[PDB]
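Right, one structure below, let's go through it.
Cβ sites come from the backbone with ideal geometry, for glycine too, and all protein chains shown count toward neighbours. Please treat every number below as a calculation from the coordinates, not as lab data.
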Amino acid sequence: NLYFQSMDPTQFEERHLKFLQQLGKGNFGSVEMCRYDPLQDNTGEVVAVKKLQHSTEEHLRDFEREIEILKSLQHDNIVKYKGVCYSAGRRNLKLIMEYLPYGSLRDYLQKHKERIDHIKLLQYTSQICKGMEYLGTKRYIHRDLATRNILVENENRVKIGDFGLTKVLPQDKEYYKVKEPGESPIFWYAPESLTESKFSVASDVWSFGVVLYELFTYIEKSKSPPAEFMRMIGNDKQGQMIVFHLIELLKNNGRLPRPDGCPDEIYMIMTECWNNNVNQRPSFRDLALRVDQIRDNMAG
Ligand SMILES: CCS(=O)(=O)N1CCN(c2ccc(Nc3ncc(C(N)=O)c(NC4CC4)n3)cc2)CC1
């Protein structure tokens, strides 16, 4: 009470934060591109600015947690925290982060196939695993790993973003049981997350297997995880029946198919990530090493 938590409300002052562009919607919120131009000279750093879409009390609390999580992370493959802007005369909050010009990896794979080959896909895979290794050291569970939530700086660098669903493991447990769920990205979820609301490093590994699938499908029409799972389940199914059939399919070894042109060895990594036995899934350290060895074992 006596002394409020340390904040730097003069680091990004609203009057100097200039709108450049609307970018998109990250889990609970909206993101814009702005320029921070304190020397009112039409220059300054270009930044991404996340704001809430519905500024309820509960959402503001969740947003504070997301901000504290991101501020605690510093890694080449994690989107950079820059600060907070307390706008509306210090009666609102916005998160200031670095801006990555190529947007989401999901969009980049679709818009920039001219510059993507398997080498690049494996580089992105490696980078994602290394970011995730780093999150694990902090006991953070991302809970929404998907190509839509990975951002592209340039042809040789991607970074994990969207920490809006991230949870911190309890001190004494290796899983977090989410007792509030929102809308869930079910087609990226591990079976124990679907059936028990349990999230862990190992369920992030499951979702990483889906990301690896996404990369090798090159975000092709009809090959997305939702499209393929719905084809397997029955495209006419609606509502909870979808979830019931997804659970049953996964529990009895139904899996996304090997993408066209995907090496068997990469599909094997996917299928090892998609182990119903939580403890048998590889670690992110295992995966980064394996992917880098595959890359390094190529000629040259
Ligand atoms: C060509 C198809 S397009 O015309 O439809 N199109 C594609 C490119 N694009 C775009 C989106 C984001 C970014 N950069 C970015 N940087 C950092 C963050 C961050 N720190 O969260 C972020 N978050 C947002 C992802 C929520 N977004 C750059 C470009 C929107 C318009």
* Structure fact -> For region 213-300 the mean separation of alpha carbon contacts under 8 Å (6+ apart) over residue count, i.e. relative contact order in percent, is 25 percent
* Asked: Each residue of region 87-94 in turn: what ³J(HN,Hα) in whole Hz from Karplus with 6.51, -1.76, 1.60 and θ = phi - 60°, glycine and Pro shown as x?
  -> 8, 6, x, 6, 10, 8, 9, 9
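Could you rank the peptides 141-147, 45-51, 22-28 by their average count of other C-beta atoms within 10 Å per residue, with the highest value first? Let's see the in-between values first.
Values: 141-147: 24.4, 45-51: 20.1, 22-28: 15.9.
Descending mean neighbour count gives 141-147, 45-51, 22-28.
Sort region 156-300 into rounded, prolate or oblate with this rule: let a ≥ b ≥ c be the square roots of the eigenvalues of the Cα gyration tensor; rounded if a/c is under 1.5, and if a/c is not under 1.5, prolate when a/b is larger than b/c, oblate otherwise. All intermediate terms of the calculation are to be shown ahead of the outcome.
Working: a/c = 1.77, a/b = 1.16, b/c = 1.53.
The shape class here is oblate.
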* Asked: Between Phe163, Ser6, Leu212, whose Cα lies farthest towards the positive end of the dipole of the chain when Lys and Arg beta carbons carry +1 and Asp and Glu beta carbons carry -1, centred on the Cα centre?
  -> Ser6
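Specify whether the C-alpha gyration tensor of region 14-98 places it in the rounded, prolate or oblate class, a ≥ b ≥ c being the square roots of the eigenvalues: rounded for a/c under 1.5, otherwise prolate if a/b is larger than b/c and oblate if not. Intermediate results must be reported in sequence, preceding the final value.
Details: a/c = 1.69, a/b = 1.25, b/c = 1.36.
Note, shape of region 14-98 comes out oblate.
From Cα pairs below 8 angstrom and at least 6 apart in sequence, can you work out the relative contact order of region 115-207, rounded to a whole percent?
Values: 109 pairs, mean separation 26.4, N = 93.
In percent, rounded to a whole number, it is 28.
With the Cα gyration tensor of region 101-161 giving a ≥ b ≥ c as the square roots of its eigenvalues, does the rule (a/c under 1.5 for rounded; else a/b larger than b/c for prolate; else oblate) give rounded, prolate or oblate? It would help to have the intermediate numbers written out before the result.
Working: a/c = 2.54, a/b = 1.79, b/c = 1.42.
It is prolate, given that a/c is not under 1.5 and a/b is the larger ratio.
With an 8 Å cut-off on Cα pairs and a minimum separation of 6 or more residues, tell me the relative contact order of the chain in percent.
Numbers: 453 pairs, mean separation 45.0, N = 300.
In percent, rounded to a whole number, it is 15.
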* Asked: Got a sec? Charge dipole of the chain, +1 on Cβ for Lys and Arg, -1 for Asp and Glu; which of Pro263, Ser197, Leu151 is way out at the positive end?
  -> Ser197
* Residue farthest toward the positive end of the dipole of region 14-98, with Cβ of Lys/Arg at +1 and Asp/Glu at -1: which of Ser87, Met33, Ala48? -> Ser87
* Asked: When the dipole is taken about the Cα centre of region 105-295, and only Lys, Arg (+1) and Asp, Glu (-1) are charged at their Cβ, what size is it in debye, to the nearest 20?
  -> 220 debye
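Using the Kirkwood formula over every pair of different C-alpha atoms, what hydrodynamic radius in Å results for the chain? Present the calculation step by step, with values, prior to reporting the outcome.
Working: mean 1/r = 0.0489 Å⁻¹.
Its Kirkwood hydrodynamic radius stands at 20.5 Å.
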* To do: List, in the order given, every pair from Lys82/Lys120; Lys82/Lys179; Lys120/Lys221; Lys82/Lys159; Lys80/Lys173 whose Cα-Cα distance in the structure shown is over 23 Å.
  => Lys82/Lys120; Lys82/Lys179; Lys80/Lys173
